[PDB]
Amino acid sequence: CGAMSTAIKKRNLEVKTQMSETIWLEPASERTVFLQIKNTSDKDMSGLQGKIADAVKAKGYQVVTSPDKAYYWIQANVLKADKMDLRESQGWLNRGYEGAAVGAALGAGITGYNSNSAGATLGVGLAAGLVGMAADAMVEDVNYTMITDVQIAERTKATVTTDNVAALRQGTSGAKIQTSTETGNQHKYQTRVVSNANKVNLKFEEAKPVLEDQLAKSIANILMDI
Amino acid sequence: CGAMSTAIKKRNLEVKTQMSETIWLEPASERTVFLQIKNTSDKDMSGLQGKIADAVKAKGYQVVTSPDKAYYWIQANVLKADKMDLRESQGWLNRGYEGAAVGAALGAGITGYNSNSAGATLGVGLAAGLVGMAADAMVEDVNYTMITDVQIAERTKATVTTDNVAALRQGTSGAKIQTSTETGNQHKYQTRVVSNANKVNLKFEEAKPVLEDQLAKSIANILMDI
Amino acid sequence: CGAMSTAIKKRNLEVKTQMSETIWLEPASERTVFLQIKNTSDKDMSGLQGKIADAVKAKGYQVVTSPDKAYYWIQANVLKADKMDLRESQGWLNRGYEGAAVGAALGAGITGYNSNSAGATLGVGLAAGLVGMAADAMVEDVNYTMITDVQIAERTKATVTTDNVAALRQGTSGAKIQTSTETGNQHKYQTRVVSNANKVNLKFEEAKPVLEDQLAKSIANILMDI
Amino acid sequence: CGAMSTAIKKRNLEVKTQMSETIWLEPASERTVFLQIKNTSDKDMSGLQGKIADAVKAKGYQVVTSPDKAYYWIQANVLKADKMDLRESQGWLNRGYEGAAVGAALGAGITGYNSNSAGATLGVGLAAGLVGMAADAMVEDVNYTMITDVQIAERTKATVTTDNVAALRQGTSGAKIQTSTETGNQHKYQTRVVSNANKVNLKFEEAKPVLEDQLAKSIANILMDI
Amino acid sequence: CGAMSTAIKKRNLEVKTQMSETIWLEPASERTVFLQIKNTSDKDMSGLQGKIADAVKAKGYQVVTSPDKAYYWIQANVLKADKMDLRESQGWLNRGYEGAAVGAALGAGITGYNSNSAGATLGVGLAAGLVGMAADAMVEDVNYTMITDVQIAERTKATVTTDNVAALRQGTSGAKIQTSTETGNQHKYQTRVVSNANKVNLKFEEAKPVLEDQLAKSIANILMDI
Amino acid sequence: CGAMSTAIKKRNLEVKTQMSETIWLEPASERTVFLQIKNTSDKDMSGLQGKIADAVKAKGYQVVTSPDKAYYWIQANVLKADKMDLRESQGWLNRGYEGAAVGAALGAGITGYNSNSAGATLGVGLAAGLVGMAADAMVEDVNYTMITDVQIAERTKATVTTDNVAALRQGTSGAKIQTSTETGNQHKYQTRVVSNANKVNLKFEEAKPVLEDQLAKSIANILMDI
Amino acid sequence: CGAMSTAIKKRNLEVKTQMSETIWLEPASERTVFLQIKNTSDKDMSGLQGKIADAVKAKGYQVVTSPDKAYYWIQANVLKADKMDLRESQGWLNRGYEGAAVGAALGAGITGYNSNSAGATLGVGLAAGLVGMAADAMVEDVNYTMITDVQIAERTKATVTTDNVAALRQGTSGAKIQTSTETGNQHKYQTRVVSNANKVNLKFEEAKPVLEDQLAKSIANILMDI
Amino acid sequence: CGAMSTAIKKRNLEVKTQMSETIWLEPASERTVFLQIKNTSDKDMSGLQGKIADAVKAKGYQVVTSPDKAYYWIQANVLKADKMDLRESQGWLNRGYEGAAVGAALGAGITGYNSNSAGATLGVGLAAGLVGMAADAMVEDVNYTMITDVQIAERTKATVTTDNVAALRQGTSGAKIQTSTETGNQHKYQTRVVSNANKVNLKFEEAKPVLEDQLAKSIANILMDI
Amino acid sequence: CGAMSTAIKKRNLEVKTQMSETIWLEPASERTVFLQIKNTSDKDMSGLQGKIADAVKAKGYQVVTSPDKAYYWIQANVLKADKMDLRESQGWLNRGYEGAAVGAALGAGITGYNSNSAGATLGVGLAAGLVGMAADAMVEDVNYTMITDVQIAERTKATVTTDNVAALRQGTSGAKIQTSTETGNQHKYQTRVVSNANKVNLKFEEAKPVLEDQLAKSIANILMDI
């Protein structure tokens, strides 16, 4: 019952995109944005940069190819992606014991009353039980989790001091501490977006365009309209 | 029994809006408000800005389109939205085992006494049990959770110093610390509003106007009347 | 049932590569990269350096053999690799008791009704039960976990101070603390990549080319295109 | 069933070598290495030093017998070694109760139907049960764990200050704190390697050459090729 | 079954010696060692000092009787020794209930079918059950644990400052703090060695020579060869 | 069964003496020791001082009666002693229920078949059960725990500053803090010795000479021979 | 069975006296002691002061009635005393249910076979069960716990500064902090003695002389002989 | 059985008085005491002040009515008093279910064999069961707990500084901190006394004189005799 | 049984008043008190101020209406009051299941033997069971908890500094810190009184006069008599 229940509940693709924290931007009249999209995950998001540019341009901004003449920077990295089956947390039922029991009972029942003979009701029941167990194992609640790191840069008139601190671990004994200081006129803020795609026997190709569309809109909505 | 019990209990739309903390504002005679509404969530709240303006104007304030000549700022961001089924926390009953048992017993019972024959009471019972299990899976206690970040700005005669501190994580080794200082005559306060919409098989389109109305009134009620 | 369920679920090779943290790099026009790939693990990844160079060159960079004339350094070390069987966490079922019970019942059942005689149904059942238990033990959900440490170096105009701190443990009594200070014009950042390969009775030779391909792309994608 | 299941699963020698942490070394053109290998454990690793020298020489380095004219030092100590039986964590089954039950049932069964007589089926069953329990106790999942401490020294142009701090515990009352300071031109880093050897009824002599080979390669791979 | 299972598993003497931490010594050309071995435990280790001297001399060092002309000091104290029975952690089975049940069943069984009479099968069964319970109690998994504190002294050219801090507890109210400072040219490091000897009904006299041999080699192996 | 099992296992006196921590003493040519032995416990250890003097003199030292002309001080206090029954941690079995059940069954069994009559088998069984319960209560695993505080003083050339800090609790409100400072040429170190004596129905008089002998040797072994 | 088991085990008075911590006193030739014994507990210890004086005088000291000409002070306070029944921690068995069951069964059994009649076996059984329950309630494992605070004063040549700190709690709002400083030539140390007296149905009058004798010896043994 | 067991065990009044901490007073020749006794509890302790004066005068002190000419102050406050039933922690048995079961069985048993008729055995049993349940509820293990705060003042020659610190909580926002400093020649110490009175169906009037007597003696015993 | 057991146990009104902490007041000859009683709770305590004045006047003090000429201030606020049913913590028994079972059994029993007929014993039993369940629900162990904050002010000659610190929370972002300093000659102390009133089906009107009387006496008893 668990296999078909999962199939009915998760019959439709469900995509959820959740931004971790709110980045507040001062009102301004500038409309130049520079984009820098990376993907260090093992899954394809090649269409993300184009969709972000379209969403940003639809809000009244102009996308420039050189970062020096851009008032805003949108830096995004699709950091990691994970795949898991939600049925695996239900216990031993996900293994296929329930599917085997239903198949075995159906095979013996359909043979025990119709042409019972002797031994035939065991061979058919075993074959049906094996098929039932196999069919249970082929149904999984596939869930795709994606993590995207977003960095937004805004130009400012105030002097901004950037202190780079890095504790480069060297072994089990210690680390190499690197320090430097630079000044500029740019404020940088970071935020994280978590994406989820869920469907029965979901293939990432089907969920890829929807994940890109929702992720692009969420990142582009940090900027104010016009 | 769980499916119909959920349907009866959650037959009506229930919307709850809860502000996290109270923002205290000094009494004043100014009535100029600037609005800035964002939506980084994956759900539509396009009518929120208009409803906030109507609620603010109904309290005696004047909405201005330029932030420089506004005594008050209302900055709101619909940060994230989540959907979950409350029946999923009830255990294995939500899977559909209870629905299958009721359907199987009804199918066998209606056939065991009326035209029992042989084998017929099993085929009808299995079909009825499958339908009963399927009907249980199609009933869910849909709950929508929404998080909205609110920032309120108030002009003041005192000098306000803003120190921007950002620890931009760079990897597993360290971070880039950004610091800057600016002065102004504006006080900013933050608060959070949590919204909930609950109904059986709820679609967000039905709950969207109610969520917007309650959220707009809650945010606009931070300001005093007149 | 657990043995064949594992075989069906894990019938295909699944490789997952996940970068731990995002390294942000400033936009630049330099395209010289120096590579330094190490492997202190007990498994072969000899093709990793060549695949990283191909992926880096495909993005518009030029690989140089001398570190002094390289704007970027990519230092990677395949630190450790582990092998485990996921079925071992299922309990006593992984031992082979379930396989023995199925084999014993099948052996006695196929003999109890056909040529029952006396004592024969026990010898066949014991032999079939032993074979069933043996076949269960030969099926394992092999999972390979690999840890890779990545260090990225970027040239900068700012003066960078490196303080080496090492607490070399000397016994149970204390340690020898080593300190030194050097200056340079290079920023170094660290990150970690976790790789997983899963299949039934998986041999590392089959998963080696896929692990190298995914790891090379993930590391090379830290750099921006062109 | 546990005894033969362990024998089948652990029928082949499995050796795992895992370095705890990554030691990063700056690129250089020096190729002189000094070796210093110790063994304070109770197990023989006499061939480790020779295998490290061969692996180091195969990577293009020259091994020198005097530490003063060596750019690199490789100091390794096989600190401790432990032996344990993995079956001991399975519970009372490892004691031999399961083996006794199988032997007792087989002895009584083979006698209860063939020449039952009286009392004979108890003497044979008891003898077979004792043999079955004894055979279970002679099968163990032997696992050898080895800990190796590694210290790597690299010459540098920077001045290195070494502060020796030792809190020599004197009783339950206090300690004798020893402090000293020396300067030099050598950086030292520490790391740890954990080795595991697993097989049914494993003897350390069989696993000794494999442990030495994997440990030597792991330590020598800290150095870059050529 | 537990008694004979323990006898078979622990039929051979097993001695394990594990050094807690690694003491690193700089390479040097000195070969003078001074020994100072103490034993505050309740067990005899009179042969430890002689075996340490033999192991040290076999590595190329010269043992001197006066500490002032020794480059190295080896100070060892056999601090404490403990004896425990590993069967005591198995529960009530170690008491002898299992042995009584086997003896009682054997006594009644051997009499119930052969010369049953009346009352005789109870007297023999009770006597056999008592003997079986007694034999179970005489079998124990004897484990000897030994703790040895090791202090190694090395001459150095640097000035070494020793600060003696002792918080001598005086009652429940406070303590007497003693402080002093001395200077010297000797570095001292501490480490701990844990020894284990396990056998069925083990007597410490049998395990004494093996414990001394392994402990002496472990301590002497802190020094480099030649 | 628990009563006789305890009697067999603990039939012999077992004395364990364990020093808590190691006190390290510098090599020296002095051989004058002053003894000061106290006993604040409730048990007799009158022979401890004489045995310590004999053990110290057997190692080449000379015992002096005046502390001013002694290079070493040995101050020991037998602080506390405790007595407990190890069978009390076994549960309700130590109460005597098991002994009553065995006695009641034996009384009824020996009467139920031989001269059964009526009512006689109950009076004899009750009397035998009461005796069996009483005999169980008279068997206890007596364990004696003793704590001894040891303070060792050594003359030194360095100036030793003793700061006496005492927080004399005055009530629930506060305390009276006492502070003083003195200088001297004597180092004091503290350690603790834990003694255990275990036997069935053990009387402290039997274990007293063995406890004194082991305690005296352990304390005297802090000093080096000759 | 619990009632008589407790009576047999605790048939003899057992008194345990345990000093919490060791007070170390420097060797000296003075023999003047001043005593000050208090008793704030609810139990009589009137003979404690006399027994302490006798024990102190037996060790060679002279007791003086004026504190100004005494080198040593012994200040003791019997702080508190508690009484508890150890059977109360055994559960519901201590209530008397076990005693009622034994009495009820004995009453019905002695009447069911001898002059059974009708109804008589219930009246006798109820009366015997009530008596059995009552007798169980009259047996208790009485344990007396006593806490004694000890303060020892020793004259010294060093200047001793006493800082009195008292945080006198004034309500739920705060406290009144009292501070003062005095100088003197006397060192004070504190320790605690815990006394236990255990017997079945123990009356404190029987345990009073033994508690006084053990407490007096323990306190007087802080001083060295002669 | 629980009701009568409680009645037998707690048939006599038991009063326990325990002082929390020891207040140490320097020996002196002054004998003037000023008393100040308060009672903020809800129970009557009107006789406490008179009994303290009698106990103090019996020890050789003189009670004065004006605090300025008193060397000692005894300030006591009976802070709070609580009443609880110890049977309430036994579970549902204290409710009266056990009493109802005994009464119901007795009523049915006395009627089932004597004049059974029909229905009569139910009416009598119900009435007897109700009476039995009612009688169980009227028996309670009444325990009275009393807390007394004691403050003792002693004149001194040293200057005493009293710093009054009070954090008067003002709301959920903050507090009003009050600070002041005064000097005097009086030391104040605080301690707490806990009193317990236990009996079946105890009325506080019966326990009042005993509580006063024990409390008065405990407080007066802080002072030394004469 | 739970309903009537609660009715019998709680048949009488029980009022408990407990002061949290003791406020110590210096002896003085002043007798002017100013009262200020507030009640922010939802329950009526209108008679509290009059009863406090009567209790204060009965102790020899004079109540003044102007705070400036009062040596003592008594400020009290009845902060909050809560009502709860103690039967609600007993579990499902408080719901009324036990009452329904008793009523159903009584209804069926009184009809099953007298005029059994058919179906009549079910209608009467259901009606009686419903009445029994209803009667159980109408019985509750009503407990009223009241919290009273007390502030006592005392005039003093010392200068008292009051620092007002208030952290007025402004939102989720921060707070507004208010600070001020004033000087005066008045000490203020705070304490808390907890009041409890318990009875079956208790109405607050019945417990109001008793709560006022006990609360007034407790607060007035902080002051010394005369």
# chains A, B, ... in the order shown; residues from 1 in each chain; ligands from 1
$ residues_around --residues "residue H:94" --least-positions-apart "6" --cutoff "9 Å" --atoms "only C-alpha atoms" --output "count of residues only"
7
$ interface_residues --of "chain F" --to "chain E" --cutoff "6 Å" --atoms "only C-alpha atoms" --output "ChimeraX atom specification"
/F:18-19,160-168,218,221
$ select_by_dssp --residues "stretch 36-109 of chain H" --states "alpha helix (DSSP H)" --output "PyMOL selection string"
chain H and resi 48-58+97-109
$ write_last_selection --atoms "C-alpha atoms" --output "PDB file, in the first residue's frame"
ATOM      1  CA  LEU H  48       9.476  30.439  69.956  1.00  0.00           C
ATOM      2  CA  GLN H  49      10.893  33.684  71.366  1.00  0.00           C
ATOM      3  CA  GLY H  50      10.304  32.673  74.979  1.00  0.00           C
ATOM      4  CA  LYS H  51      11.897  29.262  74.480  1.00  0.00           C
ATOM      5  CA  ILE H  52      14.963  30.768  72.791  1.00  0.00           C
ATOM      6  CA  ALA H  53      15.410  33.145  75.728  1.00  0.00           C
ATOM      7  CA  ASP H  54      15.140  30.272  78.213  1.00  0.00           C
ATOM      8  CA  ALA H  55      17.654  28.153  76.294  1.00  0.00           C
ATOM      9  CA  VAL H  56      20.042  31.098  75.934  1.00  0.00           C
ATOM     10  CA  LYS H  57      19.758  31.966  79.632  1.00  0.00           C
ATOM     11  CA  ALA H  58      20.339  28.321  80.578  1.00  0.00           C
ATOM     12  CA  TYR H  97      -8.960   2.217  44.562  1.00  0.00           C
ATOM     13  CA  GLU H  98      -7.222  -0.292  46.838  1.00  0.00           C
ATOM     14  CA  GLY H  99      -9.601   0.521  49.685  1.00  0.00           C
ATOM     15  CA  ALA H 100     -12.608   0.118  47.399  1.00  0.00           C
ATOM     16  CA  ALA H 101     -11.420  -3.272  46.129  1.00  0.00           C
ATOM     17  CA  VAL H 102     -10.931  -4.629  49.654  1.00  0.00           C
ATOM     18  CA  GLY H 103     -14.327  -3.329  50.754  1.00  0.00           C
ATOM     19  CA  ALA H 104     -16.119  -4.639  47.668  1.00  0.00           C
ATOM     20  CA  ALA H 105     -14.585  -8.110  47.993  1.00  0.00           C
ATOM     21  CA  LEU H 106     -15.391  -8.249  51.713  1.00  0.00           C
ATOM     22  CA  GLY H 107     -18.991  -7.173  51.135  1.00  0.00           C
ATOM     23  CA  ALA H 108     -19.610  -9.686  48.351  1.00  0.00           C
ATOM     24  CA  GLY H 109     -17.737 -12.454  50.163  1.00  0.00           C
TER      25      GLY H 109
END
$ select_by_dssp --residues "stretch 68-163 of chain C" --states "strand (DSSP E)" --output "ChimeraX atom specification"
/C:72-85,141-163
$ atom_distance --atom1 "atom CA of residue G:154" --atom2 "atom CA of residue G:192"
17.5 Å
